[PDB]
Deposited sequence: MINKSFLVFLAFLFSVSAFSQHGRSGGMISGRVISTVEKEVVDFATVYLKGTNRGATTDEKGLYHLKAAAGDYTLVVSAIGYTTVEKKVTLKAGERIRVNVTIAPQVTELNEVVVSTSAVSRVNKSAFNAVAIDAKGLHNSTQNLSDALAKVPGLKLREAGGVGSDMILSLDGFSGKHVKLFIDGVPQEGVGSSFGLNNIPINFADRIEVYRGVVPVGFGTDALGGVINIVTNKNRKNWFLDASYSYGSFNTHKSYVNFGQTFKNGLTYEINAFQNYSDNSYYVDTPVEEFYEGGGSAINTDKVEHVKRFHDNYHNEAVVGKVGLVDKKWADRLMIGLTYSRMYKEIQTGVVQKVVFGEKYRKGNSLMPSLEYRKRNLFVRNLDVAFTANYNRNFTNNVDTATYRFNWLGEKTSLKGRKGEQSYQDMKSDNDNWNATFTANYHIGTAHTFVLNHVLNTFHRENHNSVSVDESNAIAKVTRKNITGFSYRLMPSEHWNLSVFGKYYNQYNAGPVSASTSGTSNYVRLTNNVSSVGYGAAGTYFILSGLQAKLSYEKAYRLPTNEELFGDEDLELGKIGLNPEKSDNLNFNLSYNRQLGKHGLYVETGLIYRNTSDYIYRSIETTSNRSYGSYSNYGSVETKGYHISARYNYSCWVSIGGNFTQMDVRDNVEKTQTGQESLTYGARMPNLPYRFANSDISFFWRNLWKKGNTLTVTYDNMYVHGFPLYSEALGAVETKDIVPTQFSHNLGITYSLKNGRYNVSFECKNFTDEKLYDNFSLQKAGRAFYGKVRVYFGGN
């Protein structure tokens, strides 16, 4: 229903029901990996550095929410790559055009994780999983509501792994004479020894529901902690043996929600959140390690990369207000406002305060077509210390900055036939400048220059056909995307000209054109086949260089970015196998990624270029369920052909892996 309403909306949105994945060992990112146009790039292993890309936009251009709460101010101890899929009821992805109700600046798109808010009077859920490289993952979720309206819920989970899988790499030999060297002509098959990771999280919520003065009033508290061991650097040849990182996060929250506040059909929601994060990076070893686990003394030098015992503690807080109104089914109105304040400083504080307002109206005069128009107002305030001296390190003053912009968009859909739908969407999106870009130089004169926000024109077209023919069920969708982005904030080139320039500038333009195909066939309830294909071109769109010369890379593909990929799966179901209510599932999955170069494709001899190879991997899973999901056992084999996989250039990922999961659920 909710997944259906998201899928059939006029926006280019994809809704995935996570309840069908609760018996697997996946995280949120693994579930998101199946969305068309969405790519995951992980350094390798559990808890590794993960980058999510949507239509070519990555990092700061894609925004994440959990039940409408922005997550850009949450630490790494509670993130997409380390939360179990059991945490989510469903996942919504909005590509390019974002509906009013989120209040954020996102050129790329929005991902929203929706949890289960329709629990029973009492419920318990527990799962444990054991794996290949000493992997232990456990999850518990229990709660209950009483007849007086009081309700509570508790979530807890932990992930642990050694990440002790094998990689192929040249090793640094320590010679008997006291020297050392890495011979590239010799490649060894070595196991990972300093890659252990583990994170833990607890969430607790308590409140009141179904009251005359509040439909939902809840207070929540989340605590997360994380420990990581750094195994390599940017390239695999650099290896470490003692460097590590720690972190923790504390997150209180308040939510209020009511329907028909003062007049009929007027719904109101208010939400407030506070996040405190702590980080600790330690690099204090006195030895140099190689890939065999051996050690050699650094001869008085401390820090295998750079001596560091750094501790940081940051804080931020956000507030959200949403109001919905409607006159029948033909007229719908949405008003939203989000405030978000960040304090980077671990007398002048580096303060960022962002205010975003949105208004949307939908007209639906019939069941054949509907149209939505919306407008958004963006306002950012930045404040930082800047110096005015010969060396600029003695006298400091406050320097403030204000950036405002107006965005707008529309989205319409038309039902040509009973099962044929056509969507068309457009938005003008922004990405506002950050405090570090504005005041990085910490110079009074360079601070006054300022930066314009990055801007993008996003256009979407979709055509979908859905039909049921007896026992056959078919769904086909095709889509076209156009992105036009300008005013990218890039690093400036180091110069010694008579004119002084800041460390960042509004210089950069990218033109993206792409299409996607999705198919899903079902027969009765025992065979399901499906697949997605994505093909896009992302071109550098800057004619001249920063010094005024013709650019060599103008019109060429943007480097270090996969642009063609596909995924497919087939599932078989045997219901009432051994008794009524027991079911057996066998699922096959595969992923295809086309190779891409590390640097611009138009430069350098082809035989000397660093390239990521084309990759095609396969996955298998088997599940057995008893008493209508009361007891569940699962076995999975990942990369069952043992392929060499690389999301990043030289960072190898795990090979063949085996996992086993047991899960129980009770409720009433």
No C-alpha positions exist for deposited residues 1 to 117, 464 to 473, 796
